[PDB]
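*Asks:* I'd like to ask some things about the structure below.
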Amino acid sequence: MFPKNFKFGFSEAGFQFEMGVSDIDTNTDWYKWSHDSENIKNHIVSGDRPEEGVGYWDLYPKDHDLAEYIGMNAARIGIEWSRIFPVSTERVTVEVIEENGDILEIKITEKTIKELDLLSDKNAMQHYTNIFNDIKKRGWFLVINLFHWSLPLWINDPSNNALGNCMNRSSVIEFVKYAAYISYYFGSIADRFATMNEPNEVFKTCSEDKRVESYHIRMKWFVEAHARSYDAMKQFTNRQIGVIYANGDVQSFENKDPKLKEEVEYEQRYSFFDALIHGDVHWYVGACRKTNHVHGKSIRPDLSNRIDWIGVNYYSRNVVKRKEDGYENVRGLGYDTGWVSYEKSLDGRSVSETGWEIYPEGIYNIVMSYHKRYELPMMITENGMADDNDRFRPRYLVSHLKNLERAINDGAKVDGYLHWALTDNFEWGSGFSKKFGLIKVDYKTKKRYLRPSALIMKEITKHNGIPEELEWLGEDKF
């Protein structure tokens, strides 16, 4: 069985869930990126309208009742920066200490909070408060996520060749203001804070520059985005602040190149977490040389010890092969399976309706690698699959939860599992075609439909683990 009071719940993004019924928010870069006609006919976005979505902004108490019925006791909710501060906060100046380009200090004091108090949407603050109160009044675990890809238009405007939602110096200063603002009013409500959701996915896709060097100075801006935030938030909250990260079980092509595996894991993830926990930015300096861009200290205590917990996201593995001084995701396996077949992988394993092969052993592998390197409290903040007819999700949920249970027993300090997701939602560039929910949403009528896999969650939550009668669904390979 799982540990006592283990957290079974769901994760939610503001842009993917909120809109659909009322209170349309058009003030995000992703909204215009979704509606751009050239992006539609060039197959960058699906063309689906996010304002025709789940309606979680208004229907959240009824969707929370369904989570309660299936025994959930946790929720990860993302706050939209566009709704709290719909207008620019640049006019509010703050003390900013820098050196050779590294933002070492952003002093957010209480005279800044009341200054930001006049520009904030007090009605949007009350709506999020009502959503969070609806979660905590049921005795549930609450995790607030500040940033989930969508950025206010005054921060980034795709109008005026990628989305461009990266971080720069001016974006970091404004973000720490909004980060400290959230911790000022919700520091006693949120059980844990997450500054950003999958930032590695952002600075990988936010620019046409896929070079390793520019990838890491982009990551650098996100590194300071959390480090300077964490400082400002901890002024008003006593709760664990961490990062929700995109992860895949990195593997070499047939385990012949284990050094390339550790190469990939350091370039994409462990460079980030070694800076925010220890201060190792030798990657950032190593990059900054071949760029002729100014670099600072290689070990910065402004960045270090800035992770109280890690939000692990896992969906599939990631098999890679060395090319020329580089690596390539092997098509036909892992996240890149949907290129040789949409029904079976090269390993002969089932594939999700979005092209990601089902590899339940990877949720043990990714949790173990994170624990064996840092040993902090962790959480599965996202885990699920695109499966409309519920063909594979019942076996997906059980098999992954038992590989995670194998991880808890082996020492991993994971105290929560947040399935993605309770309901279907807007899967960004692919629209509503990708249905990840334990319950299915009819976007024409906004009606909620329980999928059978949601009743499997009801059985696991009731027993705090997988009973013997559900072990056949837990088979890893199918």
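Ligands are numbered from 1 in the order shown, chains are lettered A, B, ... in the order of the structure tokens, and residues start at 1 in each chain.
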Write down as JSON, numbers by chain the residues belonging to stretch 154-402 of chain A that are assigned strand (DSSP E or B) by DSSP computed on the backbone.

*Replies:* {"A": [192, 193, 194, 195, 196, 197, 240, 241, 242, 243, 244, 245, 246, 247, 248, 249, 250, 251, 252, 280, 299, 310, 311, 312, 313, 314, 315, 316, 317, 318, 319, 320, 321, 322, 327, 328, 329, 344, 350, 351, 357, 378, 379, 380, 381, 382]}

*Asks:* Just to be explicit: take each residue in the selection above, keep C-alpha atoms, and write the result as a PDB file, in the first residue's frame.

*Replies:*
ATOM      1  CA  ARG A 192       3.237  24.089  -1.678  1.00  0.00           C
ATOM      2  CA  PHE A 193       4.286  26.532  -4.388  1.00  0.00           C
ATOM      3  CA  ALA A 194       5.585  25.850  -7.896  1.00  0.00           C
ATOM      4  CA  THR A 195       7.113  28.813  -9.709  1.00  0.00           C
ATOM      5  CA  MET A 196       6.877  27.334 -13.218  1.00  0.00           C
ATOM      6  CA  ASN A 197       5.523  24.272 -15.013  1.00  0.00           C
ATOM      7  CA  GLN A 240       7.934  24.497   0.093  1.00  0.00           C
ATOM      8  CA  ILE A 241       8.678  26.213  -3.223  1.00  0.00           C
ATOM      9  CA  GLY A 242       9.922  24.168  -6.159  1.00  0.00           C
ATOM     10  CA  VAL A 243       9.781  23.582  -9.917  1.00  0.00           C
ATOM     11  CA  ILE A 244       7.481  21.330 -11.926  1.00  0.00           C
ATOM     12  CA  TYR A 245       9.671  19.884 -14.672  1.00  0.00           C
ATOM     13  CA  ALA A 246       9.059  18.042 -17.931  1.00  0.00           C
ATOM     14  CA  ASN A 247      10.814  14.678 -17.858  1.00  0.00           C
ATOM     15  CA  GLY A 248      11.208  11.550 -19.911  1.00  0.00           C
ATOM     16  CA  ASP A 249      13.071   8.355 -19.109  1.00  0.00           C
ATOM     17  CA  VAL A 250      16.236   9.107 -21.068  1.00  0.00           C
ATOM     18  CA  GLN A 251      17.761   5.993 -22.632  1.00  0.00           C
ATOM     19  CA  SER A 252      20.399   5.324 -25.263  1.00  0.00           C
ATOM     20  CA  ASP A 280      26.743  24.941 -10.591  1.00  0.00           C
ATOM     21  CA  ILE A 299      29.096  29.031  -8.482  1.00  0.00           C
ATOM     22  CA  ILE A 310      10.548  18.750  -7.276  1.00  0.00           C
ATOM     23  CA  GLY A 311       7.449  18.274  -9.399  1.00  0.00           C
ATOM     24  CA  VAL A 312       8.147  15.313 -11.665  1.00  0.00           C
ATOM     25  CA  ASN A 313       6.165  14.998 -14.896  1.00  0.00           C
ATOM     26  CA  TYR A 314       6.314  11.690 -16.759  1.00  0.00           C
ATOM     27  CA  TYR A 315       4.439  10.316 -19.774  1.00  0.00           C
ATOM     28  CA  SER A 316       6.911   8.173 -21.756  1.00  0.00           C
ATOM     29  CA  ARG A 317      10.620   7.465 -22.132  1.00  0.00           C
ATOM     30  CA  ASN A 318      13.052   9.293 -24.420  1.00  0.00           C
ATOM     31  CA  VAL A 319      15.439   7.133 -26.465  1.00  0.00           C
ATOM     32  CA  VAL A 320      18.342   9.075 -27.975  1.00  0.00           C
ATOM     33  CA  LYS A 321      21.181   8.323 -30.386  1.00  0.00           C
ATOM     34  CA  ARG A 322      24.443  10.211 -30.874  1.00  0.00           C
ATOM     35  CA  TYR A 327      21.817  13.673 -30.211  1.00  0.00           C
ATOM     36  CA  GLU A 328      18.513  12.733 -31.830  1.00  0.00           C
ATOM     37  CA  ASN A 329      15.281  11.378 -30.379  1.00  0.00           C
ATOM     38  CA  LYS A 344       2.779  -0.151 -31.611  1.00  0.00           C
ATOM     39  CA  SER A 350       1.178   0.406 -27.127  1.00  0.00           C
ATOM     40  CA  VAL A 351       1.176   4.076 -28.122  1.00  0.00           C
ATOM     41  CA  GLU A 357       4.523   4.917 -26.153  1.00  0.00           C
ATOM     42  CA  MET A 378       9.102  15.004  -4.700  1.00  0.00           C
ATOM     43  CA  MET A 379       5.745  14.657  -6.420  1.00  0.00           C
ATOM     44  CA  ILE A 380       4.392  13.190  -9.658  1.00  0.00           C
ATOM     45  CA  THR A 381       2.779  16.418 -10.861  1.00  0.00           C
ATOM     46  CA  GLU A 382       1.708  15.014 -14.255  1.00  0.00           C
TER      47      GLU A 382
END

*Asks:* Give me, as JSON, numbers by chain, all polymer residues having an atom no more than 6 Å from residue A:423, counting only C-alpha atoms and skipping those fewer than 3 positions away in the same chain.

*Replies:* {"A": [437, 438, 439, 440]}

*Asks:* If DSSP is run on the backbone, what residues of stretch 117-327 of chain A are alpha helix (DSSP H)? A reply as a PyMOL selection string would be ideal.

*Replies:* chain A and resi 117+122-136+169-186+199-205+212-234+258-265+271-277+282-291

*Asks:* Rank nothing, just name the residue among A:188, A:453, A:46, A:445 nearest to residue A:393, using only C-alpha atoms.

*Replies:*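 Using only C-alpha atoms, residue A:393 sits closest to A:453.
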
*Asks:* Which one of A:294, A:153, A:92, A:84 sits closest to residue A:127 if you count only C-alpha atoms?

*Replies:*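 The closest residue to residue A:127 is A:84.
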
*Asks:* Quick one: distance from atom CA of residue A:170 to atom CA of residue A:107 in Å, one decimal?

*Replies:*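 Interatomic distance, atom CA of residue A:170 to atom CA of residue A:107: 14.7 Å.
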
*Asks:* Restricting the calculation to only C-alpha atoms, which member of A:172, A:398, A:104, A:190 is positioned closest to residue A:145?

*Replies:*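 Answer, going by the shortest atom-to-atom distance: A:190.
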
*Asks:* Which residue, A:35, A:49, A:373, A:444, has the smallest gap to residue A:274 when you use only C-alpha atoms?

*Replies:*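 Ranked by minimum distance to residue A:274, first place goes to A:373.
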
*Asks:* Take atom CA of residue A:300 and atom CA of residue A:370 and report the distance between them in Å, one decimal.

*Replies:*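 Value for the atom CA of residue A:300-atom CA of residue A:370 distance: 21.9 Å.
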
*Asks:* At what distance in Å, to one decimal, does atom CA of residue A:146 lie from atom CA of residue A:436?

*Replies:*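 Rounded to one decimal, the two atoms are 22.0 Å apart.
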
*Asks:* Within 9 Å of stretch 205-208 of chain A, counting only C-alpha atoms, which residues qualify if same-chain residues fewer than 6 places away don't, as a JSON list (two decimals) with C-alpha atoms, in the first residue's frame?

*Replies:*
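Output (out.json):
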[["chain", "number", "residue", "atom", "x", "y", "z"],
["A", 161, "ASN", "CA", 9.34, 33.07, -35.90],
["A", 162, "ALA", "CA", 8.57, 31.15, -32.71],
["A", 163, "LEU", "CA", 6.18, 31.99, -29.88],
["A", 164, "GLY", "CA", 8.95, 33.94, -28.16],
["A", 165, "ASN", "CA", 7.72, 33.25, -24.61],
["A", 166, "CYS", "CA", 11.29, 32.89, -23.34],
["A", 215, "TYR", "CA", 19.42, 26.80, -25.22]]

*Asks:* Could you name the residues that touch residue A:360 at 8 Å or less, counting only C-alpha atoms, but leaving out those on the same chain fewer than 3 positions away, as number ranges by chain?

*Replies:* A: 316, 363-364, 396, 399-400, 403, 476-477

*Asks:* Would you mind exporting the chosen residues as a PDB file, in the first residue's frame, restricted to C-alpha atoms?

*Replies:*
ATOM      1  CA  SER A 316       6.911   8.173 -21.756  1.00  0.00           C
ATOM      2  CA  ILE A 363       8.114   6.385 -13.910  1.00  0.00           C
ATOM      3  CA  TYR A 364      10.277   4.319 -11.572  1.00  0.00           C
ATOM      4  CA  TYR A 396      -1.805   2.825 -17.907  1.00  0.00           C
ATOM      5  CA  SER A 399       0.939  -0.038 -14.173  1.00  0.00           C
ATOM      6  CA  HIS A 400       2.452   3.414 -13.592  1.00  0.00           C
ATOM      7  CA  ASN A 403       6.098   1.302 -10.681  1.00  0.00           C
ATOM      8  CA  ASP A 476       4.058  -3.148 -17.494  1.00  0.00           C
ATOM      9  CA  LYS A 477       4.026  -4.268 -21.141  1.00  0.00           C
TER      10      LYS A 477
END

*Asks:* Near residue A:43, within 12 Å and counting only C-alpha atoms, which residues show up once chain neighbours fewer than 5 positions away are dropped, as a PyMOL selection string?

*Replies:* chain A and resi 33-38+48+429-431

*Asks:* From the set A:112, A:214, A:126, A:5, which residue has the shortest atom-to-atom contact distance to residue A:174, counting only C-alpha atoms?

*Replies:*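 Ranked by minimum distance to residue A:174, first place goes to A:112.
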
*Asks:* Under the rule that only C-alpha atoms are counted, which of A:253, A:44, A:173, A:50 is the nearest residue to residue A:91?

*Replies:* A:173

*Asks:* Could you pull the residues within 12 Å of residue A:238, counting only C-alpha atoms, minus those fewer than 3 positions along the same chain, as an MDAnalysis selection string?

*Replies:* chainID A and resid 183:184 186:193 230:235 241 308

*Asks:* Would you list the contacts of residue A:420 as a PyMOL selection string, taking every protein, DNA or RNA residue within 6 Å and counting only C-alpha atoms, but skipping same-chain residues closer than 3 positions in sequence?

*Replies:* chain A and resi 10-11+382-384
